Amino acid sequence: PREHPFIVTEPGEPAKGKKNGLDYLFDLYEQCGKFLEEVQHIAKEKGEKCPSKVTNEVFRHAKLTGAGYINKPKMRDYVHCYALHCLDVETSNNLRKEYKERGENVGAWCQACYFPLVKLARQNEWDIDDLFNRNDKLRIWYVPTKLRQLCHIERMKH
């Protein structure tokens, strides 16, 4: 059965009602990294191809270990949000406070996350891929297509 929908929460704020907050959301990425660690270890033992990123097998191993609440499309929906939380925790917290105060839904918050990321990519000579690779938490996540496209167009405009 389908998980509760997310809601915009401030750091350390519990979601009220039949909803999950944004700290629960970011923790799902941290749990995935632990399931990637396990898969890598098993593959090293088996003498099979070892993944460097979160693959379909990592999701499949998470589902069979009871963590059925973890799935590929949902993790993909918010990778950029998690990237901002990792790369600039202070902007990520302020953005969450701003969106909560406005009584904004998750979708508007999720779309707003791309914009401070464009700034971070600008400061790193427009290399969004390198920004993910230098970070231990982000290293395992694929750069979302929409973020790379938005970064490229913004570079042309500015």
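All residue numbers refer to positions in the sequence shown, first residue = 1.
Here the stretch with the larger average CA B-factor, out of 129-137 and 31-39, is 129-137. Between the stretches 46-54 and 88-96, it is 46-54 that shows the larger average CA temperature factor.
The deposited CA B-factor of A15 belongs to the highest third of values across its chain. Among all modelled residues in this chain, the alpha-carbon of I153 has a temperature factor (C-alpha) in the highest third. Sort the chain's modelled residues by C-alpha temperature factor and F59 lands in the middle third, per the entry.
Ranked against the other modelled residues of its chain, the C-alpha B-factor of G66 as given in the entry falls in the highest third.
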